[PDB]
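*Asks:* The following block contains the structure, expressed as structure tokens.
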Amino acid sequence: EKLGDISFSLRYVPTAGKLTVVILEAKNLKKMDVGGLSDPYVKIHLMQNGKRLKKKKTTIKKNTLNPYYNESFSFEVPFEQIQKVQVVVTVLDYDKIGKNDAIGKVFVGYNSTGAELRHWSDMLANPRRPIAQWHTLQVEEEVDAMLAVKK
Ligand SMILES: [Pb+2]
């Protein structure tokens, strides 16, 4: 079962230790509501060794599997710590009643792999420039597992 794909940009300013993630849009998201579609919003957690340093979240787009956001978020990450953090991006379904269930999840950062690592590395090699990339969303539990694997 495909969960969907998320587009975001990454920008790192080395002198200011400023990390900017713009949630651009998502597409082909999993349908999460019986009798409807999904009500997606996107969480961003800045992590460091299990602990969460800071959280952000988009607005909610109701009744769509293909939401457009273009919402920007900045994080203070000093130069010396930028290869020690994880930027965890989660698409969830909003429900007025009950816990919001995650659709899928991905993380970028040094410990990441494949296209996630490539996005992260292209950001670091191209300072002050926003790099946009698509990511396939994965099962929350699998991502949570890999976040424990240090390089
Ligand atoms: Pb819902």
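Bear in mind that the values in this text are calculations on the coordinates, not laboratory data. Neighbour counts run over all protein chains shown; Cβ positions are idealised from the backbone, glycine included.
*Asks:* For region 129-151, which positions are within 10 Å of residue 107 (Cα to Cα) and either part of a helix (DSSP H, G or I) or hydroxyl-bearing (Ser, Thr, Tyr) (or both)? Full working, then the answer.
*Replies:* From region 129-151, those within 10 Å of residue 107 (Cα to Cα) are 135, 137-138, 143-144, 146-147; that's our starting set.
Passing the criteria: 143, 144, 146.
*Asks:* Strands (runs of 3 or more DSSP E) wholly in region 1-66 with at least 3 residues that are crowded, with 17+ Cβ neighbours inside 10 Å - which ones? Steps first, please.
*Replies:* Working: elements: 5-13, 18-27, 40-48, 51-57.
So the answer is 5-13, 18-27, 40-48.
*Asks:* Now for a different question. Pairs under 7 Å by beta carbon, first residue assigned to a loop (DSSP other than H, G, I, E, B) in region 80-104, partner within 16 Å of the ligand (Cβ to nearest atom) and among the β-branched types (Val, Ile, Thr), six or more apart or different chains?
*Replies:* Here the result reads 94/60, each pair linking region 80-104 to a residue that is within 16 Å of the ligand (Cβ to nearest atom) and among the β-branched types (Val, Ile, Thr).
*Asks:* Going by the structure shown, is residue 19 away from the ligand (no atom under 16 Å from the Cβ), of a type in the set (A, V, I, L, M) and touching a helix residue (DSSP H, G or I) at 6+ places or on another chain (Cβ under 9 Å)?
*Replies:* Numbers: away from the ligand (no atom under 16 Å from the Cβ): yes; of a type in the set (A, V, I, L, M): yes; touching a helix residue (DSSP H, G or I) at 6+ places or on another chain (Cβ under 9 Å): yes.
So residue 19 fits the description; yes.
*Asks:* Would region 56-63 turn up any residue that is under 18 Å from residue 29 (Cβ atoms), within 16 Å of the ligand (Cβ to nearest atom), more than 15 Å from the chain's Cα centre (by Cα) and among the basic types (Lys, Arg)?
*Replies:* For region 56-63, residues under 18 Å from residue 29 (Cβ atoms), within 16 Å of the ligand (Cβ to nearest atom), more than 15 Å from the chain's Cα centre (by Cα) and among the basic types (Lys, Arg): present.
*Asks:* Then there is this: If you go through region 74-83 one residue at a time, do you hit one that is within 13 Å of the ligand (Cβ to nearest atom) and either in contact with a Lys or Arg (Cβ under 8 Å, 6 or more places away or on another chain) or more than 17 Å from residue 127 (Cα to Cα) (or both)?
*Replies:* Filtering region 74-83 for residues within 13 Å of the ligand (Cβ to nearest atom) gives none.
No: zero hits.
*Asks:* Checking the condition surrounded by 15 or more Cβ atoms within 10 Å (Cβ to Cβ) and over 15 Å from the mean Cα position of the chain (by Cα), which residue from 91, 77, 87 passes? Spell out the reasoning first.
*Replies:* On the way: 91 fails: over 15 Å from the mean Cα position of the chain (by Cα); 87 fails: over 15 Å from the mean Cα position of the chain (by Cα).
Of 91, 77, 87, the one residue that is surrounded by 15 or more Cβ atoms within 10 Å (Cβ to Cβ) and over 15 Å from the mean Cα position of the chain (by Cα) is 77.
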